[PDB]
């Protein structure tokens, strides 16, 4: 006979603050399932009238969007209301959301660039919007937060910013970008990553490489990605390009193939709106105007539509 009981469930007395987290060098959801980001960057802070981009990005099959914010150091600060709206729209569309402060880009070289400390203060100002969204939102402290001048200087302020966010009570997975405009040409992030990782007492830290023309051969791509995997350190390709520019030709084929082989995340740059539209996946924010680059990223080998799996939390 069935026990025939009729109970109702109270929610667990104790639950973890962390949602998305790191386990054994990989990104995992709260339920333990491995998560491999396959997504797109959207320049929200510069295109407030293009928020339909989030739903259009989901329609590609993408499982993640990286949303460009400003902390007001250089561009126009994204308000807590705006950020709350974006997070909720991403959740409604079943997208994981990587938020990033762009104003740090090129610090130490570009005189208009802000500090990681200023970015951290901005994140702390968003705490009431962000707390409770640890299953859904990854905090990328500052985009490409050092230029090419003295990239060794990146390690101390990166470490300090992580510690400042943890001391403020953040339980999200935190993502950090490399010096040399995100491409880590001098290898400072690659060398110092373990030290930086060990400085996050939660272990919930992921490194992000941006692969442009420095990564113009197969060997350069595979060496970098394998370096992190072999060291047991979590990594994604948080931006990448592909079409040749004045500095070389990024090897997008090897990036995407190796990301698939190793199960590392990637986020293509970008949906639309670049000053030079060569990296626009769609022209004029219009899904019916895919560019050559859009065709490659969405529909080509190891691309988004082929490989992206929705986060299981949804």
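Numbering follows the first chain given and starts at 1.
Visitor: Out of 149-157 and 100-108, which one has CA B-factors that are higher on average in the deposited record?
Guide: Looking at the record's C-alpha B-factors, the answer is 149-157.
Visitor: Got a sec? Mean C-alpha B-factor, which is higher, 72-80 or 213-221?
Guide: Comparing 213-221 with 72-80, the higher average CA B-factor belongs to 213-221.
Visitor: Between 64, 53, 45, 31, let me know which has the highest C-alpha B-factor in the entry?
Guide: By C-alpha B-factor in the record, 31 ranks first.
Visitor: Among the candidates 182, 242, 114, 187, give the one with the maximum CA B-factor reported in the record.
Guide: Highest C-alpha B-factor among the listed residues goes to 242.
Visitor: Considering only modelled residues of the same chain, in which third does the CA B-factor of residue 271 rank: lowest, middle or highest?
Guide: Lowest third - that is where residue 271 ends up once the chain's C-alpha B-factors are sorted.
Visitor: C-alpha B factor of residue 263, ranked within the chain: lowest, middle or highest third?
Guide: Middle third by C-alpha B-factor.
Visitor: Place residue 26 in the lowest, middle or highest third of its chain's C-alpha B-factors, as listed in the PDB entry.
Guide: Middle third - that is where residue 26 ends up once the chain's C-alpha B-factors are sorted.
Visitor: What third of the chain, by the recorded C-alpha B-factor, contains residue 19?
Guide: Residue 19: CA B-factor falls in the lowest third of its chain.
Visitor: Against its chain's modelled residues, does residue 281's Cα B factor rank lowest, middle or highest third?
Guide: Middle third.
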